[PDB]
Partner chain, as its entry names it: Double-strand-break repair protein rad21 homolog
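Next up is one chain by itself, shown in structure tokens, the form deposited without its partner chain.
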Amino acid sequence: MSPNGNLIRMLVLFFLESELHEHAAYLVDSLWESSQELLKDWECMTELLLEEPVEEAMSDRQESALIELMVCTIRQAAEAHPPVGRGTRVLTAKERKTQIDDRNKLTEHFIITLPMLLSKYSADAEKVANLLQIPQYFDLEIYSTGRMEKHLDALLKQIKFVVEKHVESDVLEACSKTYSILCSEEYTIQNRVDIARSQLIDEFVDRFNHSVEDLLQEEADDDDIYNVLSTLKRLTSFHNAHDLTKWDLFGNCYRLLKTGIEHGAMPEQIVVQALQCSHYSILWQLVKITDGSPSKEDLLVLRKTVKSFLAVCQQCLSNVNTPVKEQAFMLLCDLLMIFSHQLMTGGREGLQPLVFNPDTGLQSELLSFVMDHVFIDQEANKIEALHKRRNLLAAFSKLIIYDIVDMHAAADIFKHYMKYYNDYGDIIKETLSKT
């Protein structure tokens, strides 16, 4: 009770203090067979996290590590298998019984305590993002079963406060996914969550629209910039998993971008976010048009939107800020692949009016960016910046394979940059073998 308290407090200390386990997930997994009883004492953990001390308090770093370990135990209990990259998966009657009982315990416990955890740690971006990994493991039918409506209201309150207080992409994405899970995965609670979600979106679209209007009518203030960026960030996060097309966000993103090209003075993050949001609008417009039975004018309206946006992304390759170029480049390489002839697979030849062939100018600009921003002369930031350039090339590779860009001009560039491997590689290879 307080015994298990010491053992957990020390488990959190051994984790942080030794570099004998890099990953909380792997520490939890390794101890799982020997210490399941302890590692599922969630009452003990939430008590450590929520109580005020008598003596000796927990540090921010140990609080963070307990939350990260707690969430790892919640996963392992619910999935009843080792974590990704310790796998090898057929449960006994008693493992299956233990899994169901564990899912019941952690659901009842965290429906009650997760709102309290979010309240207390509301301002800490890393902690909140970790805590919001918990609902995915809930047996959500229990929100009805337990007359537990009061606690669903409480989580929704706390997600609203979190979304309202934060702009970090991890927090916002955690919030987006938590609404997604609450809605479409039990009818009983669907209607209540939909109401809270659309009210949250409503308040954010209003503040966004008023801020767009402020920024563009305006001399332009650092307040004007913050208001546009901050609200657009929230809406961009949600627009991936939530269909926000009912709110015409593409229209205002389009003005922000047109303004940024014309007068060349739109802050980089507003352009990047505006590009992402516009993209998510278009992808959702496309899904409604596939699944529907769309008319001629339906198709020709989505086309005008998509051609106007392809134009914007092209112009944005010329933006001074490389984060804009990369965003514009990534979207060009997605959209040119989606609105390719592929779109007329699975008996969907109705969509022909939506098909796009990039002109010469665009193909050449998509070649330039590869030469200038994938293949560059010159810690942790650099393994990350390299995986990105890999993804940019890989995205662009797909266009080459299906002849959407000039596949010869592309390989000419791959020649140029591989030369030293094709000129000296064998000699370098065998040299390095004998050392």
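Residue numbers count along the first chain shown, from 1. Definition used throughout: the rigid core is the maximal C-alpha set that superposes within 1.5 Å between two forms.
Classify the number of deposited-sequence residues missing from the model between residue 291 and residue 292: none, 1 to 3, 4 to 9, or 10 or more.
Unresolved stretch here: none.
Looking at the deposited sequence, how many residues between residue 383 and residue 384 were given no coordinates in the entry: none, 1 to 3, 4 to 9, or 10 or more?
Unresolved stretch here: none.
Name the higher of the two by mean Cα B-factor in the PDB entry, 277 to 285 versus 188 to 196.
Comparing 277 to 285 with 188 to 196, the higher average CA B-factor belongs to 188 to 196.
Looking only at CA atoms, which has the higher mean B factor in the entry: 255 to 263 or 113 to 121?
Result of the comparison: 255 to 263.
Using the entry's values, work out which of 163, 312, 232, 301 has the largest Cα B factor.
Within the set 163, 312, 232, 301, 301 shows the top C-alpha B-factor.
Going by the CA temperature factor in the entry, name the top one among 365, 243, 102, 222.
Comparing C-alpha B-factors across 365, 243, 102, 222, the maximum falls on 222.
For residue 126, does the deposited CA B-factor place it in the lowest, middle or highest third of the chain?
Middle third of the chain for residue 126's C-alpha B-factor.
Pull the Cα B-factor of residue 348 out of the PDB entry and bin it into the chain's lowest, middle or highest third.
Ranked within chain, residue 348 CA B lands in the highest tercile.
Can you work out whether the C-alpha temperature factor of residue 64 puts it in the lowest, middle or highest third of the chain?
Ranked within chain, residue 64 CA B lands in the lowest tercile.
Considering every modelled residue of the chain and its Cα B-factor in the PDB entry, is residue 140 in the lowest, middle or highest third?
Ranked within chain, residue 140 CA B lands in the lowest tercile.
What third of its chain, lowest, middle or highest, does the C-alpha temperature factor of residue 207 fall into?
Residue 207: CA B-factor falls in the lowest third of its chain.
We do not show the form deposited with its partner chain bound, though everything after this point is about it.
At 4.5 Å between heavy atoms, only one of the stretches 154 to 162, 99 to 107, 344 to 352, 317 to 325 reaches its partner chain in the deposited complex; which one is it?
Of the options given, it is 344 to 352.
Within a 4.5 Å heavy atom cut-off, is residue 62 in contact with its partner chain in the deposited complex?
Looking in the deposited complex, residue contacts with its partner chain do not include residue 62, since no heavy atom lies within 4.5 Å.
Verify the contact flag for residue 426: yes if a non-hydrogen atom of it lies within 4.5 Å of a non-hydrogen atom of its partner chain in the deposited complex, no if not.
Yes, residue 426 lies within 4.5 Å of its partner chain in the deposited complex.
If we define contact as a non-hydrogen atom of the residue within 4.5 angstroms of the partner, is residue 69 a contact of its partner chain in the deposited complex?
Residue 69 lies outside the contact set for its partner chain.
Residue 402 versus its partner chain, in the deposited complex: is there a non-hydrogen atom within 4.5 Å?
Residue 402: yes, in contact with its partner chain in the deposited complex.
Is its partner chain close enough to 123, 211 and 270 in the deposited complex that each of the three has a heavy atom within 4.5 Å of it?
No: no residue has a heavy atom within 4.5 Å of the partner.
Between the options 395, 49, 367, 27, which residue brings a heavy atom to within 4.5 Å of its partner chain in the deposited complex?
Only one option qualifies, and that one is 395.
Go through 75, 177, 166, 127 and name the one with a heavy atom inside 4.5 Å of its partner chain in the deposited complex.
Exactly one listed residue reaches within 4.5 Å, namely 177.
After superposing the rigid core, is the C-alpha displacement of residue 21 2 Å or more between the shown form and the other one?
Yes; that C-alpha moves by at least 2 Å between the shown form and the other one.
When the rigid core is used for the superposition, does residue 419 move between the shown form and the other one (threshold: C-alpha shift of 2 Å or more)?
Yes; that C-alpha moves by at least 2 Å between the shown form and the other one.
Just checking, between the shown form and the other one and with the core aligned, does residue 7 shift 2 Å or more at the CA?
After core superposition, the C-alpha of residue 7 moves less than 2 Å between the shown form and the other one.
Specify closer or farther for residue 21 and residue 60: how their Cα atoms are spaced in the deposited complex versus the shown form, given a shift of 3 angstroms or more.
Relative to the displayed form, residue 21 and residue 60 draw closer in the deposited complex - a change of at least 3 Å between their C-alphas.
Relative to what's shown here, the Cα pair residue 20 and residue 24 differs by 3 Å or more in the deposited complex. Does it come closer or drift farther?
It is closer: in the deposited complex, the C-alpha atoms of residue 20 and residue 24 lie at least 3 Å nearer than they do here.
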